[PDB]
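Asks: Quick one: structure below, then a few questions.
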Amino acid sequence: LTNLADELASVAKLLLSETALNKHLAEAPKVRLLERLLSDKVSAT
Amino acid sequence: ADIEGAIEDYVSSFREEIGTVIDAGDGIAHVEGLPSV
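These protein sequences, in sequence, are chains d and A. Going letter by letter, the first sequence gives residues 199 to 225, 231 to 248 in PDB author numbering. Going letter by letter, the second sequence gives residues 9 to 22, 28 to 50 in PDB author numbering.
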């Protein structure tokens, strides 16, 4: 749980850093983009 | 800057372009999508 929370906080700050990805993502391919971007940078959960 | 390529591949992942009406009134309609119109 602690690792998941830290990873999610890092993800949130990253997403804040670049708003372009959020803009282009708010509107199945989304998942594939996620793995191609940070599949291993974050845990499975 | 590798993420740029990933997002480009994502957008390219989506054949004839089809837009969606997002608002309409008084004889005007706004359509999201149709990047090549």
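Cβ atoms here follow ideal geometry from the backbone N, Cα and C, with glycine treated the same way.
Give a yes or no on whether 8 Å exceeds the smallest Cβ distance from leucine 236 (chain d) to chain A.
Replies: On the first sequence, position 33 is the one that residue 236 (chain d) refers to. Cβ-Cβ to chain A under 8 Å: yes for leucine 236 (chain d).
Asks: If the criterion is Cβ atoms closer than 8 Å, does the pair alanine 14 (chain A) and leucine 236 (chain d) meet it?
Replies: Within the second sequence, the letter at position 6 stands for residue 14 (chain A). Within the first sequence, the letter at position 33 stands for residue 236 (chain d). Cβ distance < 8 Å, so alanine 14 (chain A) and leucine 236 (chain d) count as in contact.
Asks: Would you say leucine 240 (chain d) faces chain A, with C-beta separation under 8 Å as the test?
Replies: By 1-based counting over the first sequence, the position of residue 240 (chain d) is 37. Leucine 240 (chain d) counts as touching chain A.
Asks: Sorted by chain position, which residues of the same chain lie with C-beta nearer than 7 Å to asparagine 201 (chain d)'s C-beta, five sequence neighbours on each side aside?
Replies: In the first sequence, the residue the question calls residue 201 (chain d) occupies position 3. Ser246.
Asks: Report, in whole angstroms, the separation of the C-beta atoms of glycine 32 (chain A) and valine 44 (chain A), which I expect to be a contact under 8 Å.
Replies: For the purposes of this step, residue 32 (chain A) is taken as the residue at position 19 of the second sequence. For the purposes of this step, residue 44 (chain A) is taken as the residue at position 31 of the second sequence. Confirmed, Cβ separation roughly 4 Å.
Asks: At 7 Å on the CB atoms, spell out the chain d contacts of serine 49 (chain A), in chain order.
Replies: Residue numbering aside, residue 49 (chain A) sits at position 36 when the second sequence is read from its first letter. Here the premise fails: no neighbours, minimum Cβ distance about 17 Å.
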